[PDB]
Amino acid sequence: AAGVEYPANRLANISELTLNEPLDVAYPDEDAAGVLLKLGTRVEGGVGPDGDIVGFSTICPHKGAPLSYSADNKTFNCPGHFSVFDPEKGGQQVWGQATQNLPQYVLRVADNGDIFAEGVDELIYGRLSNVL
């Protein structure tokens, strides 16, 4: 098969998300930490009725330190080497050491409000294939 076969995994329900508080998930398997985040304004890769729910890897694509979230600024921040990623702009590295903007999940909301992930737009730290 010419491309990676992503599984369509249920991550959570829209009802579980509180505005601006990340919810720890994992995709495309259990060893690849990420978060779903409702942002309160329509954004790139955002789903749900307000267009504002995004999913990212929270593992720094530079050297793999886990990223912290600043609620005041709405950014991911790396304590490794000071990188900053903006989940309001597709994960754009505002300033940092990675050669990649933050890997972002392709999300879909079903009619019951369940949130699925069916892909990732960049290579997840620590794996040479996003699906191992």
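We number the residues from 1 along the sequence you see.
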Higher-scoring stretch by recorded Cα B factor average, 83-91 or 22-30: 22-30
Entry-level comparison of average CA B-factors, 92-100 and 68-76, reporting the higher stretch: 68-76
Residue 51 CA temperature factor, ranked by third within the chain: highest
Within-chain third of residue 124 by Cα B-factor, per the entry: lowest
Chain-relative CA temperature factor third for residue 45: highest
